[PDB]
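Q: Attaching a single structure in structure tokens format; questions to follow.
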Amino acid sequence: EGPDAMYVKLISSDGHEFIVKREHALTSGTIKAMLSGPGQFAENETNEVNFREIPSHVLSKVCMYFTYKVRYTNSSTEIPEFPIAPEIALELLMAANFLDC
Amino acid sequence: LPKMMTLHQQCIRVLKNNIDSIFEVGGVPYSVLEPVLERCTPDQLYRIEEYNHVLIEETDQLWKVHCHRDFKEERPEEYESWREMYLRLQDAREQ
Amino acid sequence: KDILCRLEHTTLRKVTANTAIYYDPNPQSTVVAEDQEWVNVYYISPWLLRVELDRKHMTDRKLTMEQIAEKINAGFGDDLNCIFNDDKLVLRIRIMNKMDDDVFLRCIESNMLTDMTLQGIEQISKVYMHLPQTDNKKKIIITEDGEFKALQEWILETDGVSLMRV
Amino acid sequence: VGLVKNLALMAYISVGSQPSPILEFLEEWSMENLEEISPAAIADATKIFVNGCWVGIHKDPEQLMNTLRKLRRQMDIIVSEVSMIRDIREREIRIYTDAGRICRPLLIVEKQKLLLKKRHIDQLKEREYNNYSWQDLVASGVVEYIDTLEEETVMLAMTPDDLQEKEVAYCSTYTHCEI
Amino acid sequence: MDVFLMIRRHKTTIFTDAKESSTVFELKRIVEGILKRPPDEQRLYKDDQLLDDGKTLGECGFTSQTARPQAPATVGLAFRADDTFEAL
Amino acid sequence: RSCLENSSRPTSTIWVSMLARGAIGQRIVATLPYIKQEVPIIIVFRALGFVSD
Amino acid sequence: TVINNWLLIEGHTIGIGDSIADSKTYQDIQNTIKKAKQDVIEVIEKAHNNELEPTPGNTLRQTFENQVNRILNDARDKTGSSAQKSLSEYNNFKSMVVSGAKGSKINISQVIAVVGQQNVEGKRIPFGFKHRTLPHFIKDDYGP
Amino acid sequence: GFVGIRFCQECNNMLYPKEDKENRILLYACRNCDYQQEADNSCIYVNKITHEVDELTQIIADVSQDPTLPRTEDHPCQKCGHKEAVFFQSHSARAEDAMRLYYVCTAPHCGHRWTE
Ligand SMILES: [Zn+2]
Ligand SMILES: [Zn+2]
């Protein structure tokens, strides 16, 4: 949330917003197109990412997956999977719309 | 599983194991839902389409993959989408 | 290995890839047309027996096509003429001079495949070379110092018995 | 030794049946007779043998075997002891109704799940109250008798633990389970 | 190795990354760096086991399992040490 | 070992065999019940009522 | 007479505790079995991807069988060696084996560690079904 | 290449090879009736002694429905991109010298068969 960008805040129209490592949110497709928008260099540092219509636990799983995938891609480990609950996958699949991954 | 998966692949492999868990899709477009519905069987497609009617006109080409697997000797006639042909021949064969 | 090749029976069947029968009444214009150049170099019944031999079997048996050709000539005594070349290992056999010659060439091709020996001894089907690691089948010698010394030397086994020829 | 054998406990030797219902059903389930076909149609079709009698050919053998298994599992036209074998590689369907075929009952597995549910077990716990018996379990399409020729085409799970198995189950196409 | 705790204050959750041994108020320092939180505003609660007054991460409540990228371990937060403990 | 169904009769056995290589080619013969010698199979097909090859 | 009357004082038994090994020994046996099964799978993958070189005097299937039987015999030998190495001086299987009275080290190995490969007519268990030993396996399964 | 049976038309019997020296060419003649026909291919008979290297043409696609066959998802189909395929060794008597795997795509309407 602070303009020194290693913590970025992101909101889903829910009370439970989430603030995450930008370096561990680096694998987002849309971090290159709505924080790295028409011009870089302090467009990113605003850290008001006001997404809509996502329940809190869903994007908690999504951004925990962000940290998960960033530190489990190009590391010494490549095997592990992601244990999502079966029902929430549906609404998590709409998160699959947003983040281009 | 010595494989890396992104969010699309993770969600669709979990859902590709438990198609049966789907009751109502909410508002997902078919273009997103295209993988899990192609690895599926026609009774489950009937269940999905009769809980999630808005998908019907999207899934008809999918029914072709079923039709040429269950009625491989057949072709549609004109004014016959593949879903209604599959249901008509399926009920005719059961009768 | 040279002795093993000289002992193991080698028919033409062990080294032949294929045999085909053709109607070629004019060797000046070969119908197969892949053998035109060397047949025209050489240049008769209109029936042709074209024998193609595998590369690997003709190599590891250490056989050259001249040996097969002279084996043909010794087997039949110029009852039939066999030309050959390679640079595909190609033989071409005709029968010079009421049992039409196609079934006679049938029969001599059966004789080719079964009843002809290239190298080795007829009753011996397979020869297994080995170097024994035990003293049961070694060459024990008495040295100049006077000990019994076991010498590991290559020994052969057979699957048939032709002891006197061996 | 080896020449005198004994039955396994659930082994049942088939008693014999008339091929006539299966033959009639095959005649009007799109199988064409041998008398009415040109030989050119035999190369791509599936030969159908009923008690070793080549009676015709079929163009869609997979749905035919699905239909025949559905008929036998609900104790329709095909009785339970009839053996039906699809030699898939050799394009043949052999139906045996004769006596002397030794078979055994196996639980039917569809999509890595037993068709035997807790409702069947609960009904069988009160066998002398519900009048639910083993024959009702056969008629339910839960168990079926597989002989030695059909067993050579089935895929047996040794236990239901082979069904409820994770990403590498060693087989995802189990058709039957040992009781 | 890693660490994974959802620093959960009802409607605000902080993310962290650290290793199996670090003083537990350095967590408050790394919250302070970007979220401008004085140590009064950083009364971290217990884990399922009681919290670490000895002030390291390799002490009670934290194991090698709680550094799970598959799913972390969460607990509530109160941004006041003695006065009030505000939830929602 | 052919035996007619729906009846209790002895089984009649037919042997459609092929001769060994050791003969210009190897031929298919038929050992029929109540026939002393082996019969070539094309003769059996012609006697069944199909003369053309 | 003298030894049979001293055996009244000493006594000799066999029990289920003579069939038990150490937990470390069980771990070693399971590790050896796992490694040998992995080796058999690797030889299977080499033969399946046409990377298996035939040995002189034998065809490809018989060289594969020789390699697999060598791996499994090494497994049975190593697990048996660990089984005898686990045995105490009070072990009665070991007592009857080193006395020469009854049994062998193979019997101790089969009781404690690994029964081993079953052979019919000198080869492994044949494909009595269509390319399957039993209908509980998949077709063309050449694993242990 | 192989040579097949060429049939007569008058009696539908077998045509046997023969030569005419007046035209000095090759003809397939029927010797039940008096039919004759000029022969297209000069090859009368061919051995295929070591031409058993191919087994793909004898495989049929129906083995994709075999539940006892091993299935893999690490060998995608080249013709259609389906992820799943059955694999099996050759079932011939020529398979004593090879444990080579053949693969058949399990997607319907494709039936593509390949090797390794
Ligand atoms: Zn004619
Ligand atoms: Zn395909």
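Chain identifiers are assigned as A, B, and so on, following the order in which chains appear in the structure tokens; residues are numbered from 1 within each chain, and ligands are numbered from 1 in order of appearance.
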Ligand 1: which residues are within 6 Å, counting only C-alpha atoms and all ligand atoms, as a list in words?

A: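 So the residues close to ligand 1 are residues 8, 10, 11, 12, 13, 30, 32, 33 and 35 of chain H.
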
Q: Grab me every residue within 9 Å of ligand 2, counting only C-alpha atoms and all ligand atoms, and send it over as a list in words.

A: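 With only C-alpha atoms and all ligand atoms and a cut-off of 9 Å, ligand 2 is contacted by residues 76, 77, 78, 79, 80, 81, 82, 83, 84, 85, 104, 105, 106, 107, 108, 109, 110, 111, 112 and 113 of chain H.
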
Q: Between D:29, D:96, D:132, D:12, single out the one closest to chain F, counting only C-alpha atoms.

A: D:96

Q: Identify, on the basis of only C-alpha atoms, every residue whose closest approach to residue 94 (chain C) does not exceed 10 Å; exclude the query and any residue fewer than 3 positions from it along the same chain; express the result as an MDAnalysis selection string.

A: chainID C and resid 24 44:50 79:83 97 101 105

Q: For the selection just defined, write its residues with C-alpha atoms to a file, as an mmCIF file, in the first residue's frame.

A:
```cif
data_model
loop_
_atom_site.group_PDB
_atom_site.id
_atom_site.type_symbol
_atom_site.label_atom_id
_atom_site.label_comp_id
_atom_site.auth_asym_id
_atom_site.auth_seq_id
_atom_site.Cartn_x
_atom_site.Cartn_y
_atom_site.Cartn_z
ATOM 1 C CA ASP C 24 12.524 -59.202 -68.092
ATOM 2 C CA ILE C 44 18.780 -65.983 -71.763
ATOM 3 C CA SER C 45 15.370 -66.774 -70.321
ATOM 4 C CA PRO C 46 12.890 -63.880 -69.991
ATOM 5 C CA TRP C 47 12.434 -64.852 -66.314
ATOM 6 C CA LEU C 48 14.542 -62.938 -63.787
ATOM 7 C CA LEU C 49 15.245 -63.743 -60.130
ATOM 8 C CA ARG C 50 16.244 -60.543 -58.315
ATOM 9 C CA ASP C 79 22.966 -74.448 -65.602
ATOM 10 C CA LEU C 80 21.946 -70.838 -64.884
ATOM 11 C CA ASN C 81 23.729 -67.481 -65.015
ATOM 12 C CA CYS C 82 23.886 -65.073 -62.067
ATOM 13 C CA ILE C 83 25.088 -61.478 -62.409
ATOM 14 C CA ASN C 97 18.162 -73.274 -72.001
ATOM 15 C CA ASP C 101 10.380 -71.859 -66.503
ATOM 16 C CA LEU C 105 12.726 -70.779 -61.156
#
```

Q: Can you list, as a list in words, every residue of chain E that DSSP puts in strand (DSSP E or B)?

A: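 Answer for chain E, restricted to strand (DSSP E or B): residues 5, 6, 7, 8, 9, 12, 13, 14, 43, 44, 73, 74, 75, 76, 77 and 78 of chain E.
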
Q: Any idea what's packed within 10 Å of region 78-83 of chain A, counting only C-alpha atoms, ignoring anything in its chain fewer than 2 positions away? Could you give it as a list in words?

A: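 My reading of the contact set: residues 61, 65, 68, 69, 71, 72, 73, 74, 75, 76, 85 and 86 of chain A; 1, 2, 3, 4, 5, 6, 7, 10, 11 and 14 of chain B; 69, 70 and 71 of chain E.
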
Q: Applying 8 Å and only C-alpha atoms, which residues near residue 61 (chain E) remain after dropping the ones on its own chain fewer than 5 positions away? List them as a PyMOL selection string.

A: chain E and resi 46-51

Q: Which chain B residues are at most 10 Å from chain D (counting only C-alpha atoms), as a ChimeraX atom specification?

A: /B:1,17,69-73,94

Q: Export N, CA and C atoms of the chosen residues as an mmCIF file, in the first residue's frame?

A:
```cif
data_model
loop_
_atom_site.group_PDB
_atom_site.id
_atom_site.type_symbol
_atom_site.label_atom_id
_atom_site.label_comp_id
_atom_site.auth_asym_id
_atom_site.auth_seq_id
_atom_site.Cartn_x
_atom_site.Cartn_y
_atom_site.Cartn_z
ATOM 1 N N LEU B 1 2.554 -35.822 -9.087
ATOM 2 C CA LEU B 1 2.433 -35.137 -10.368
ATOM 3 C C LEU B 1 3.571 -34.148 -10.579
ATOM 4 N N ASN B 17 -11.662 -33.581 -12.498
ATOM 5 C CA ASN B 17 -11.872 -34.765 -11.678
ATOM 6 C C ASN B 17 -13.259 -34.815 -11.054
ATOM 7 N N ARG B 69 -19.844 -40.127 -31.417
ATOM 8 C CA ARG B 69 -19.363 -41.210 -30.575
ATOM 9 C C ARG B 69 -20.469 -42.186 -30.207
ATOM 10 N N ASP B 70 -21.730 -41.739 -30.195
ATOM 11 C CA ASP B 70 -22.848 -42.607 -29.845
ATOM 12 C C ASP B 70 -23.753 -42.937 -31.020
ATOM 13 N N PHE B 71 -23.774 -42.101 -32.049
ATOM 14 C CA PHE B 71 -24.601 -42.270 -33.236
ATOM 15 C C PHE B 71 -23.767 -42.008 -34.481
ATOM 16 N N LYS B 72 -22.615 -42.685 -34.566
ATOM 17 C CA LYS B 72 -21.607 -42.414 -35.590
ATOM 18 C C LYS B 72 -22.109 -42.623 -37.014
ATOM 19 N N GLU B 73 -23.187 -43.377 -37.201
ATOM 20 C CA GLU B 73 -23.765 -43.597 -38.518
ATOM 21 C C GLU B 73 -24.685 -42.467 -38.958
ATOM 22 N N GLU B 94 -33.945 -45.881 -26.652
ATOM 23 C CA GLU B 94 -34.433 -46.483 -25.412
ATOM 24 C C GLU B 94 -35.849 -47.022 -25.568
#
```

Q: Just list as a ChimeraX atom specification whatever in chain B DSSP marks as helix (DSSP H, G or I).

A: /B:7-17,19-21,30-38,42-51,53-70,82-94

Q: When you look at residue 44 (chain E) with a cut-off of 10 Å (counting only C-alpha atoms), what residues show up, excluding the ones that are within fewer than 6 positions of it in the same chain? I need them as a PyMOL selection string.

A: chain E and resi 7-9+24-25+27-28+51-52+75-81

Q: Output C-alpha atoms of each residue in that selection to a file, as a PDB file, in the first residue's frame.

A:
```pdb
ATOM      1  CA  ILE E   7      -1.651 -11.586   9.495  1.00  0.00           C
ATOM      2  CA  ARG E   8      -5.396 -11.320   9.977  1.00  0.00           C
ATOM      3  CA  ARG E   9      -7.029  -8.200  11.463  1.00  0.00           C
ATOM      4  CA  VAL E  24       8.730 -12.114  16.414  1.00  0.00           C
ATOM      5  CA  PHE E  25       8.704  -8.317  16.629  1.00  0.00           C
ATOM      6  CA  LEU E  27       7.288  -9.139  12.001  1.00  0.00           C
ATOM      7  CA  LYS E  28       6.019  -5.938  13.619  1.00  0.00           C
ATOM      8  CA  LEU E  51       2.916 -16.733  21.602  1.00  0.00           C
ATOM      9  CA  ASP E  52       6.646 -16.134  21.815  1.00  0.00           C
ATOM     10  CA  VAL E  75      -4.924 -15.983  13.756  1.00  0.00           C
ATOM     11  CA  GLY E  76      -6.591 -12.718  14.783  1.00  0.00           C
ATOM     12  CA  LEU E  77      -4.893  -9.382  15.446  1.00  0.00           C
ATOM     13  CA  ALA E  78      -5.479  -6.446  17.793  1.00  0.00           C
ATOM     14  CA  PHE E  79      -3.790  -3.144  16.907  1.00  0.00           C
ATOM     15  CA  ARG E  80      -3.486  -2.027  20.544  1.00  0.00           C
ATOM     16  CA  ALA E  81      -1.402  -3.707  23.220  1.00  0.00           C
TER      17      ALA E  81
END
```

Q: Each residue of chain E lying at most 12 Å from chain A should get a row with its shortest atom-to-atom pair and the distance in Å to one decimal, counting only C-alpha atoms; could you produce that, ordered by chain and increasing number, as CSV?

A:
```
residue,atom,partner,partner_atom,distance
E:1,CA,A:71,CA,11.4
E:2,CA,A:71,CA,9.9
E:3,CA,A:67,CA,11.3
E:4,CA,A:64,CA,9.2
E:5,CA,A:64,CA,10.3
E:6,CA,A:60,CA,9.3
E:7,CA,A:18,CA,10.0
E:8,CA,A:16,CA,9.2
E:9,CA,A:16,CA,8.9
E:10,CA,A:16,CA,7.0
E:11,CA,A:16,CA,3.7
E:12,CA,A:16,CA,5.6
E:13,CA,A:18,CA,5.4
E:14,CA,A:19,CA,5.6
E:15,CA,A:20,CA,5.3
E:16,CA,A:21,CA,7.8
E:17,CA,A:21,CA,8.7
E:30,CA,A:7,CA,10.3
E:31,CA,A:7,CA,9.8
E:32,CA,A:2,CA,10.5
E:33,CA,A:2,CA,8.6
E:34,CA,A:2,CA,5.1
E:35,CA,A:2,CA,6.7
E:36,CA,A:2,CA,8.7
E:37,CA,A:2,CA,11.9
E:67,CA,A:68,CA,11.3
E:68,CA,A:68,CA,9.2
E:69,CA,A:68,CA,5.4
E:70,CA,A:82,CA,6.3
E:71,CA,A:64,CA,7.7
E:72,CA,A:64,CA,8.5
E:73,CA,A:64,CA,11.8
E:74,CA,A:60,CA,11.7
E:88,CA,A:15,CA,9.4
```

Q: Hey, which bits of chain D sit within 10 Å of chain G, and for each residue what's the closest pair of atoms and how far apart in Å (one decimal), counting only C-alpha atoms, rows by chain and increasing number, as a Markdown table?

A:
```
| residue | atom | partner | partner_atom | distance |
| --- | --- | --- | --- | --- |
| D:148 | CA | G:129 | CA | 9.3 |
| D:149 | CA | G:129 | CA | 9.1 |
| D:151 | CA | G:135 | CA | 6.6 |
| D:152 | CA | G:129 | CA | 5.8 |
| D:153 | CA | G:135 | CA | 7.7 |
| D:154 | CA | G:135 | CA | 6.6 |
| D:155 | CA | G:135 | CA | 5.8 |
| D:156 | CA | G:136 | CA | 4.6 |
| D:157 | CA | G:136 | CA | 5.9 |
| D:158 | CA | G:136 | CA | 6.4 |
| D:159 | CA | G:136 | CA | 10.0 |
| D:162 | CA | G:136 | CA | 9.9 |
| D:170 | CA | G:138 | CA | 8.2 |
| D:171 | CA | G:138 | CA | 7.3 |
| D:173 | CA | G:138 | CA | 9.8 |
| D:174 | CA | G:136 | CA | 8.9 |
| D:176 | CA | G:136 | CA | 9.4 |
| D:177 | CA | G:136 | CA | 9.0 |
| D:178 | CA | G:136 | CA | 9.4 |
```

Q: What are the closest atom pairs, with distances in Å to one decimal, for each residue of chain H lying within 8 Å of chain C, using only C-alpha atoms, rows by chain and rising residue number, as a tab-separated table?

A:
```
residue	atom	partner	partner_atom	distance
H:24	CA	C:25	CA	7.2
H:25	CA	C:25	CA	7.6
H:26	CA	C:23	CA	6.6
H:42	CA	C:23	CA	5.3
H:43	CA	C:22	CA	4.6
H:44	CA	C:21	CA	5.3
H:45	CA	C:21	CA	5.1
H:46	CA	C:20	CA	4.0
H:47	CA	C:19	CA	4.9
H:48	CA	C:18	CA	5.3
H:49	CA	C:18	CA	5.5
H:50	CA	C:17	CA	5.2
H:51	CA	C:17	CA	7.5
```

Q: Go ahead and dump the residues you just picked, N, CA, C and O atoms, as a compact mmCIF listing (two decimals), in the first residue's frame.

A:
```txt
# COMPACT_ATOMS: atom_id res chain seq x y z
N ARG H 24 6.22 -60.99 -77.04
CA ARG H 24 7.35 -61.05 -76.12
C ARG H 24 7.10 -60.26 -74.84
O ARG H 24 7.99 -59.59 -74.32
N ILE H 25 5.87 -60.32 -74.32
CA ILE H 25 5.51 -59.64 -73.09
C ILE H 25 4.80 -60.62 -72.16
O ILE H 25 4.70 -61.82 -72.43
N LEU H 26 4.32 -60.09 -71.04
CA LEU H 26 3.79 -60.86 -69.93
C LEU H 26 2.29 -60.67 -69.83
O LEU H 26 1.79 -59.54 -69.91
N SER H 42 5.16 -56.36 -63.82
CA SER H 42 6.07 -57.43 -64.22
C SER H 42 6.39 -58.38 -63.08
O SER H 42 6.78 -59.52 -63.34
N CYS H 43 6.26 -57.93 -61.83
CA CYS H 43 6.63 -58.74 -60.68
C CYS H 43 5.64 -59.89 -60.52
O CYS H 43 4.45 -59.67 -60.29
N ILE H 44 6.13 -61.12 -60.64
CA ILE H 44 5.29 -62.30 -60.54
C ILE H 44 5.15 -62.78 -59.10
O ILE H 44 4.05 -63.11 -58.65
N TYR H 45 6.26 -62.82 -58.37
CA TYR H 45 6.28 -63.34 -57.01
C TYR H 45 7.37 -62.60 -56.26
O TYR H 45 8.42 -62.30 -56.83
N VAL H 46 7.14 -62.30 -54.98
CA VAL H 46 8.12 -61.60 -54.17
C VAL H 46 8.18 -62.23 -52.78
O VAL H 46 7.15 -62.58 -52.20
N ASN H 47 9.40 -62.42 -52.27
CA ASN H 47 9.65 -62.75 -50.88
C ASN H 47 9.70 -61.47 -50.06
O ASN H 47 10.22 -60.46 -50.53
N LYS H 48 9.16 -61.52 -48.86
CA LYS H 48 9.38 -60.48 -47.86
C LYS H 48 9.95 -61.18 -46.63
O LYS H 48 9.22 -61.53 -45.70
N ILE H 49 11.26 -61.38 -46.64
CA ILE H 49 11.92 -62.14 -45.58
C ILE H 49 12.19 -61.25 -44.38
O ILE H 49 11.99 -61.66 -43.23
N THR H 50 12.65 -60.02 -44.62
CA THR H 50 12.95 -59.07 -43.56
C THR H 50 12.10 -57.81 -43.70
O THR H 50 12.50 -56.73 -43.26
N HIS H 51 10.92 -57.93 -44.31
CA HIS H 51 10.01 -56.80 -44.50
C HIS H 51 8.86 -56.85 -43.51
O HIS H 51 7.72 -56.51 -43.83
```

Q: Report as a count of residues only all protein, DNA and RNA residues lying within 10 Å of residue 53 (chain B), evaluated on only C-alpha atoms, omitting residues in the same chain fewer than 6 positions from it.

A: 3

Q: What is the CA of residue 4 (chain H) to CA of residue 109 (chain C) distance in Å?

A: 19.7 Å

Q: Restrict the distance test to only C-alpha atoms, flag each residue of chain C within 12 Å of chain G, and return the flagged residues as an MDAnalysis selection string.

A: chainID C and resid 1 126:130 156:159

Q: What are the nearest atom pairs, with distances in Å to one decimal, for all residues of chain D that come at most 10 Å from chain F, using only C-alpha atoms, set out by chain and rising residue number as CSV?

A:
```
residue,atom,partner,partner_atom,distance
D:16,CA,F:6,CA,9.5
D:17,CA,F:6,CA,8.9
D:18,CA,F:6,CA,7.2
D:19,CA,F:5,CA,8.9
D:51,CA,F:5,CA,8.1
D:52,CA,F:2,CA,8.9
D:53,CA,F:2,CA,9.8
D:97,CA,F:5,CA,9.8
D:98,CA,F:5,CA,7.9
```
